[PDB]
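Going down the list, the sequences are from chains A, B, C and D.
So in this note's numbering, the last one in the first sequence is 113, and the numbering has no gaps at all.
So in this note's numbering, the last one in the second sequence is 417, and the numbering has no gaps at all.
So in this note's numbering, the last one in the third sequence is 614, and the numbering has no gaps at all.
So in this note's numbering, the last one in the fourth sequence is 817, and the numbering has no gaps at all.
C-beta atoms are modelled at their ideal positions from N, C-alpha and C, and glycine is treated no differently.
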Amino acid sequence: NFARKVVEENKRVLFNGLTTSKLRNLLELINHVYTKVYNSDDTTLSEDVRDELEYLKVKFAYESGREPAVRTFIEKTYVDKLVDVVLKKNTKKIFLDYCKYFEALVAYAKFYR
Amino acid sequence: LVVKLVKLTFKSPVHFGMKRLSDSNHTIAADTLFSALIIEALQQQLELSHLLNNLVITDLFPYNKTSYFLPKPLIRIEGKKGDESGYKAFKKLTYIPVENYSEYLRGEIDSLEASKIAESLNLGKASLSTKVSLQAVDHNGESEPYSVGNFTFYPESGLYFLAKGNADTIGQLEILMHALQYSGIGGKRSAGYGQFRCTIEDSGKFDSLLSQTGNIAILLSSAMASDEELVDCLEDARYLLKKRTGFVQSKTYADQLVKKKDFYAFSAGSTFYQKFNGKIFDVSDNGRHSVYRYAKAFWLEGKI
Amino acid sequence: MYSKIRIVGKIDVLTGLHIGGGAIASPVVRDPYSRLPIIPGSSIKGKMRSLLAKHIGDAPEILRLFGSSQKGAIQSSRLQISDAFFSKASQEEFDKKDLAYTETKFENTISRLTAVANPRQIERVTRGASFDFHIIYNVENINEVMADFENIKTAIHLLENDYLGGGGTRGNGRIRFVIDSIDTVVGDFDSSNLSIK
Amino acid sequence: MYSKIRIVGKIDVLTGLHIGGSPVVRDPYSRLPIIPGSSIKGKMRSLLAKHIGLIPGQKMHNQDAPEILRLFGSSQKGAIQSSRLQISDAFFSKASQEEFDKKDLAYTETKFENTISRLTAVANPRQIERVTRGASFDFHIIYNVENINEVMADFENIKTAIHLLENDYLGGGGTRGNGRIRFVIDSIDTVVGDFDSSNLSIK
RNA sequence: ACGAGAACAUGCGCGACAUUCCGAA
């Protein structure tokens with residue numbers, strides 16, 4: 001799929017030298033927000049979840065600033081733009097699809113290592 | 114005599130046994146259904162005269178989303194000039210859709226068509242559930258596992274049959290079937306098997322075939338004639354003898370559970386050139402009540 | 418004359434339920450066609466019979482309820498407990514959240530001699546699941562309906578405080594009964610006053 | 615006249631609890647950390663067997679003391695003893711969930727350790743998932759009153775087990791500071807039967 | 001008067017044992 005294509009394109013060292021230790025903070029934040037959404041039973045993302053997604057976006061920006069490998073990962077995978085899309089649509093299904101996309105991304109990145 | 118189609122859709126899997134608790138049959142003969150009906154009538158304290166005198170029923174035949182299946186006639190079929198093994202297809206065929214019934218009688222069904230018909234049946238899946246008995250454990254013993262062979266139908270599959278009789282018999286059968294939905298049919302009814310819901314309606318699709326005249330007659334139920342009719346009805350016949358066995362399911366027949374007398378009946382699909390009217394035989398051996406075995410003949414005429 | 422009462426409802430899985438029966442380590446019993454978890458009616462019948470025998474204490478009432486094959490006193494089973502199938506509402510709820518119907522539980526067994534933990538895998542039905550249960554009570558005698566139903570209430574209470582399958586002394590098989598309806602489907606008996614749980 | 619005694623209450627975590635499933639066991643439905651009842655029952659049985667006395671050369675759990683087989687059950691052929699204690703899975707309590715939603719805790723934490731070789735002194739790092747200290751679990755136990763005269767004594771044994779569990783861990787490596795828990799019993803009532811359980815207590 | 005009737009796939013079993021987030025400035 002798209003994750004397979006982008007990981008293969010960035011494979012040569014993946015995403016200019018990205019590892020799971022670099023991503024662990026973003027993964028923890030993403031799965032925390034995912035579990036908070038999972039516990040709730042609503043078709044729309046709540047206000048606190050929206051603020052947490054904004055915090056996740058700013059964490060994405062901070063991690064891109066910190067590391068070049070994380071920066072090129074974010075640029076190539078459209079994860080921040082996907083977060084913006086999830087915020088705009090405000091649908092739980094779209095958020096779950098984004099979480100599945102991120103999980104598939106990480107799985108493929110580990111697979112090609 | 115009005116023919117009513119009774120369609121049975123099964124909620125839970127059913128345990129139709131032939132000789133063992135592990136056997137998973139997909140159908141029951143007219144004997145099992147008639148015994149269930151008699152038990153239901155005794156439960157509801159109704160009269161047994163209509164069941165024992167004016168009810169003619171067929172076996173429980175499969176049906177799926179597309180067609181109703183009738184038993185394969187035991188007719189002499191001709192294959193190709195060198196296709197000796199192709200006959201085996203017609204040997205493995207058990208049920209034919211009604212639309213393809215007459216074609217089979219005329220000999221226009223090939224071996225490949227017979228295999229297609231055999232594989233086109235979508236009744237359900239037969240499985241074997243393994244259970245245990247922990248009653249001996251509390252008495253310093255061991256658990257005793259056993260097996261129950263069940264058969265679960267596909268969502269739009271089920272078992273249909275045809276009933277023939279007067280208006281009073283038809284109505285009494287409606288009440289009996291309504292009670293039988295919750296009594297259940299088959300094996301472990303009290304242990305979670307045999308529950309179904311039935312619908313009784315008219316059958317134009319089957320009245321088209323039951324009004325057909327021909328040179329041969331096909332049995333639609335497990336039947337047998339008395340001696341006088343058996344004298345002249347067995348010439349040029351192609352049949353299959355089935356050994357009807359079992360224990361008497363009754364709380365007042367005797368002290369302990371005992372078997373009933375061995376019976377032999379012609380199968381469904383047997384072809385005769387003489388139509389014999391069966392009866393309801395007694396397979397009781399000096400019991401409190403007479404155990405009945407229904408072997409009346411529901412006939413379907415056809416051209417060979 | 419003759420009456421049959423239909424008791425439909427839901428069995429809610431309080432803790433992971435394992436009723437034994439591709440290659441899976443200790444798989445649960447399933448519907449052969451839909452491959453959906455089921456609660457066999459034999460399991461419920463046997464567990465309630467054992468609980469009621471413990472409570473009363475075979476006893477005559479157990480013979481009236483669950484039937485007897487004893488010589489001389491051949492008793493018909495008044496309770497027909499059908500298999501509990503995976504609920505459709507629970508099916509939709511589990512299809513949402515991307516949740517599987519069955520979970521895999523990993524357990525240890527620490528040896529009393531070498532202090533070495535032997536692993537073991539079992540399969541359970543997830544705690545969010547529900548099963549549609551259907552029971553038919555046959556009124557063979559009208560005078561014992563109240564006694565039979567109070568015995569059923571006692572058995573259901575014991576079952577709700579007990580497990581239903583697998584090793585429930587180690588936190589498995591806890592269940593709850595929700596009685597959707599108790600309606601007389603056959604006969605003229607009035608089951609409006611009757612209640613279970 | 616069958617009797618069942620229902621003991622409900624809270625297991626309060628004191629140090630990070632890790633019961634493996636290095637992730638922890640979670641309920642698939644709610645994705646919250648869980649305490650399997652098998653873990654509690656096994657730890658209690660092991661502690662009670664050690665305290666009461668372990669037969670030398672013992673190989674099976676069926677060779678425990680008669681009190682342990684009476685309480686936690688025995689499976690020996692012929693002498694099949696049904697377990698009186700049924701320890702259910704302890705689920706993440708809703709009060710702890712509300713308390714964790716405030717201050718924005720994740721119900722769980724990742725603890726970083728390392729192993730230092732004796733010779734090379736190389737610290738190989740590792741991570742273990744734990745349940746946060748403030749978390750609480752709803753524990754539910756059912757005691758089967760089979761013999762009247764042995765009820766009180768059995769409860770004494772249970773009390774001893776609890777007194778050993780509060781001084782021990784529950785899962786993972788508790789010799790290094792994990793799994794320490796405390797039991798607070800909300801109620802002990804005879805849920806089934808006419809038995810009088812007012813005087814019974816396990817703490 | 002259903003190859004039927006009675007029959008808990010169930011009893012025992014800790015995902016546990018050893019492990020410094022440390023050397024360096």
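If contacts are defined as beta-carbon pairs under 8 Å, then residue i and residue j qualify, I think. What distance do you get, rounded to the angstrom?
i	j	result
B/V245	B/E257	7 Å
B/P175	B/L234	6 Å
B/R401	B/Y366	6 Å
B/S242	B/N263	6 Å
B/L293	B/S270	Their Cβ separation, rounded to whole angstroms, is 19 Å, which puts B/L293 and B/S270 out of contact at 8 Å.
B/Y306	B/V127	6 Å
C/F523	C/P454	Contact flag wrong, Cβ pair sits at about 19 Å.
C/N568	C/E478	6 Å
Is it the case that the Cβ atoms of residue i and residue j are separated by a distance below 8 Å?
i	j	result
B/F309	B/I170	no
C/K421	C/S547	no
A/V33	A/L18	no
C/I491	B/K364	yes
B/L183	B/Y208	yes
B/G327	B/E414	yes
D/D768	D/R684	yes
A/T35	D/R645	yes
B/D144	B/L333	no
D/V638	D/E743	yes
C/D429	C/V595	yes
D/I795	D/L631	yes
D/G671	D/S710	no
C/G458	C/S499	yes
C/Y450	B/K238	yes
A/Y108	A/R12	no
residue 821 of chain D	D/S636	Outside the shown range of chain D (615 to 817) lies residue 821 of chain D, about which nothing can therefore be said.
Please list, in chain order, all residues of the same chain as residue i whose beta carbon is under 8 Å from its beta carbon, the five residues on each side excluded.
i	result
A/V6	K76, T77, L105
C/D607	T601
Whose C-beta lies closer than 6 Å to the C-beta of residue i among residues of the same chain, with five residues either side of it excluded?
i	result
D/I666	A679
B/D395	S403
B/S180	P210
B/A231	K205, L206
B/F129	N138, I141, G299
C/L611	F566, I599
B/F203	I190, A227
B/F147	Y407
Compute the Euclidean distance between the alpha carbons of residue i and residue j, then round it to the nearest angstrom.
i	j	result
B/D281	B/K117	13 Å
D/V765	C/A572	23 Å
B/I329	B/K372	36 Å
C/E510	C/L431	16 Å
D/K664	D/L784	16 Å
A/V86	C/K462	50 Å
B/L289	B/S383	29 Å
B/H139	B/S303	19 Å
B/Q248	C/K464	11 Å
A/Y112	A/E8	8 Å
D/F686	C/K570	28 Å
B/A350	B/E314	33 Å
B/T265	B/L272	12 Å
B/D320	B/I222	23 Å
C/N535	D/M674	13 Å
A/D48	D/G793	32 Å
D/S689	D/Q677	10 Å
By Cβ distance, which residues of its chain are closer than 7 Å to residue i, with the 5 residues on each side in sequence left out?
i	result
residue 65 of chain B	Any answer about residue 65 of chain B is impossible in this case: the structure gives chain B only from 114 up to 417.
A/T72	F15, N16
C/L468	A572, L575, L576, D579
A/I74	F60, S64, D80
Original post:
Is there contact between the segment 495-507 of chain C and the segment 539-559 of chain C, where contact requires at least three CB pairs shorter than 8 Å?
Top reply: Because the criterion of three Cβ pairs below 8 Å is met, the segment 495-507 of chain C and the segment 539-559 of chain C touch.
Original post:
Would you call the segment 352-361 of chain B and the segment 155-166 of chain B touching, i.e. three or more CB-CB distances under 8 Å?
Top reply: The segment 352-361 of chain B, when compared against the segment 155-166 of chain B, does not touch it at the 8 Å Cβ threshold.
Subject >> Meets three-Cβ-pair contact criterion under 8 Å: the segment 518-534 of chain C and the segment 92-105 of chain A >> reply: These segments do not touch.
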